[PDB]
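Trainee: When you get a sec, could you give me coordinates for this:
(one chain, ligands or ions: 3)
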Amino acid sequence: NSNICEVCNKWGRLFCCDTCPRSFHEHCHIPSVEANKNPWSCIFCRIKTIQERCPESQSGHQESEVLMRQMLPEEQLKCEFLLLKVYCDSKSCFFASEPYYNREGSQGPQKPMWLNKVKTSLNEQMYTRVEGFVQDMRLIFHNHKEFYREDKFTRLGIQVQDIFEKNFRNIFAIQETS
Ligand SMILES: [Zn+2]
Ligand SMILES: [Zn+2]
Ligand SMILES: [Zn+2]
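Mentor: Numbering: from 1, shown residues only. Ligands and ions are numbered 1, 2, ... in the order given. Next comes the structure:
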């Protein structure tokens, strides 16, 4: 197994996957690493198993169909993995915790949003459809663009949104387009 956390790239108290060489901090894995379960398989292994069981699940889909799916166990898992993929980028630190807004010439957003809040919402099964999760994720970056306006700090929102969007298209097998 790896000697660093797959998500945050630091050593510490790590839990090791039994089916691949990844390791995790307890609250870096999503969902949080399970108390018992020997063997234990991480979210990367669980996602690979879904595709292996149903190879046709990788054929191209329309985004509009994906968004309307109900959050059954497999879609819940895919959203947890997509959230994890955003936490795996170090620039996710800017969007993890509750923001505040006091900048000359800007007003804060109507509905603030952040990664930890989305993490809690997923854990408490508050989203009924994939659309709920995706809308909150996109809102994080949209609020950031709007608030920071012409400051070059707006680019962090662009960069982290690109990681989200790429991973969304991969995990949910969105039909490739020009
Ligand atoms: Zn970690
Ligand atoms: Zn694994
Ligand atoms: Zn199948």
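
Trainee: Please work out how many residues are found near residue 116.
Mentor: For residue 116, the count of nearby residues is 12 (other CB atoms under 10 Å). Yep, even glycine has a C-beta here, placed from its N, CA and C like the rest.

Trainee: Please determine how far it is located from ligand 2.
Mentor: 24 Å (CB to the ion, to the nearest Å).

Trainee: Residue 31 now?
Mentor: Per CB to the ion, residue 31 is found 14 Å from ligand 2.

Trainee: before we move on, which element is the residue nearest to that residue when sequence neighbours are not counted in?
Mentor: Residue nearest to residue 31 in three dimensions, not counting chain neighbours: residue 80, with 6.1 Å by CB to CB, 6 or more residues apart in numbering. According to DSSP states H and E, residue 80 maps onto helix 73-87.

Trainee: ok now that helix, how far from the chain's centre?
Mentor: Taking CA atoms, centre = their mean, to the nearest Å, the mean C-alpha location of helix 73-87 is offset from the chain mean by 5 Å.

Trainee: List the contacts of residue 10.
Mentor: 4, 25 (CB atoms under 8 Å, 6 or more residues apart in numbering).

Trainee: I'd like to know how many residues surround residue 161.
Mentor: For residue 161, the neighbour count with other CB under 10 Å is 19.

Trainee: where does the residue nearest to residue 6 when sequence neighbours are not counted fall, phi/psi-wise?
Mentor: Once flanking residues are discounted, residue 6 sits nearest to residue 22: 4.6 Å by CB to CB, 6+ apart. Main-chain torsions, residue 22, degrees, to the nearest 10: phi -80, psi 150.

Trainee: again, but for residue 61
Mentor: phi -120, psi 160.

Trainee: how about the strands in the protein?
Mentor: All strands of the chain, identified by DSSP state E, fall at 14-16, 23-25.

Trainee: So for the last one, what gets flagged as buried?
Mentor: Read it as strand 23-25. In terms of neighbour count (16 or more other CB atoms under 10 Å), strand 23-25 has its buried residues at 23-25.

Trainee: Take those residues and lay them out in a markdown table including distance to ligand 1.
Mentor: A markdown table is the format used below for these (distance: CB to the ion, whole Å):
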| residue | distance to ligand 1 |
| --- | --- |
| 23 | 9 |
| 24 | 6 |
| 25 | 3 |
